[PDB]
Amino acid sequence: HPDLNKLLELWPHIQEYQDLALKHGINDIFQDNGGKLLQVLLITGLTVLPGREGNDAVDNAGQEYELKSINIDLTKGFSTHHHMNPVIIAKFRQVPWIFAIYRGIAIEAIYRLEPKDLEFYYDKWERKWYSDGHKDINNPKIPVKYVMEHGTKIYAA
C-alpha cells in the first residue's frame, strides 16, 4: 500500500496545520476553502469576522476588509455578492478589499484595492439594477486583470 503509507506519516503536519487553523477561527481546513483562507490570514495578520457580519475580516487597529479569492486555474473573475443590490454596494464601498489569487491551493499573490479603486464597478453595478428597472444582480464579477491593474500587491509567492 504505497501511497497509503504517506498517509499515517504525513498526517502529523496536516493536523498541526488544522490546530493553527483553529487558533484562527477556522474549524475545518477541509471545508469552504478554510485551508486557503488560513494562508491569507497568516500572511496579512487579519482576524476573521463571524459569518453574520457584512465584512469578513479586521486588523489589529479595527479596520475591516472584504475578503475575496479565486483559483486562477479555473476562473478569472472574483465573486462579490449573491443577490447584489445598492445597499450591499453601499456597505461595500466603505472598506478596502483584499484579493487572494491562488493556482489550485497555492497562494500566488494578494492584492489590496482601496475603496476608491472599486468606484468603477460600484457605479456600473448600480446602473444594472436601476436601468434594469429594479432587481438584484446575481454575483457580478471583478476581473483579476482589473485587480492587478489597480491594486497594490501586498504579497507574492
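Numbering starts at 1 and follows the sequence shown.
- Averaged over Cα atoms, the B-factor as recorded in the entry is higher for 48 to 56 than for the other of 100 to 108 and 48 to 56.
- Comparing 137 to 145 with 7 to 15, the stretch with the higher mean C-alpha B-factor in the PDB entry is 7 to 15.
- For the set 36, 68, 116, 124, the maximum C-alpha B-factor listed in the entry falls on 124.
- Among the modelled residues of its chain, residue 131 has a C-alpha B-factor that falls in the highest third, as given in the PDB entry.
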